[PDB]
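Protein chains in written order, with the deposited numbering: chain C, 6 to 66; chain B, 5 to 66; chain A, 6 to 67.
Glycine included, each C-beta is placed from N, C-alpha and C at the ideal position.
One structure below.
Here you go:
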């Protein structure tokens, strides 16, 4: 009776843990976001320089 | 006796699997983090459009 | 006795797994990250192009 209740609950948990393991691999690594943040950091910088260079040209012309 | 031994062993492996999941979870990106990066990509693309239009006029004027 | 112990550990696992599930729903998927990567691919191409144009505008004007 009580051992049965446990058997059923352990079975359910095993399935849940399996689904979580599956879902875990669909989630993105923090290392992927940091590397992307870096690239966006580079694009922040280059765009800043472009805005400066453009202003310069916009005044000469 | 037998079923209880089996249940001890299943619960032990689930505990170790669940413990592994909690450390895996910690190496994964939060959505709110991703949303702030999208906000910066939303900024940069607007600035790149604006610069494209400015450079279009400059090469025309020169 | 050993039934109590297993009843106790199961309960704790149920709560742990419920916590992991709602915590899983805060994490962003590789798909949306790949979409953001695509947009960063574009913007990096457009920046390089703009760099070329401006470098020419600079050396053409003065």
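DSSP lists A/32 as the bridge partner or partners of residue 34 of chain B. For a cut-off of 8 Å, the C-beta gap from residue 63 of chain C to residue 58 of chain B is around 7 Å, short enough to register as a contact. Within the stretch 22 to 35 of chain C, 22, 25, 26, 29, 32, 33, 34 and 35 place their CB atoms closer than 8 Å to a CB of chain B, listed in sequence order. The Cβ-Cβ distance between residue 38 of chain A and residue 48 of chain C does not fall below 9 Å. Residue 66 of chain B counts as exposed, since fewer than 16 other beta carbons sit within 10 angstroms of its beta carbon. Shown here, residue 66 of chain C sits in coil according to DSSP, grouped into three states, outside any helix or strand.
Here residue 6 of chain A carries a coil assignment [DSSP, helix/strand/coil].
Taking a contact as a CB-CB distance under 8 Å, the pair residue 34 of chain A and residue 33 of chain C counts as one, their CB atoms being some 7 Å apart.
Counting only the Cα atoms, residue 20 of chain C lies some 17 Å from residue 26 of chain B.
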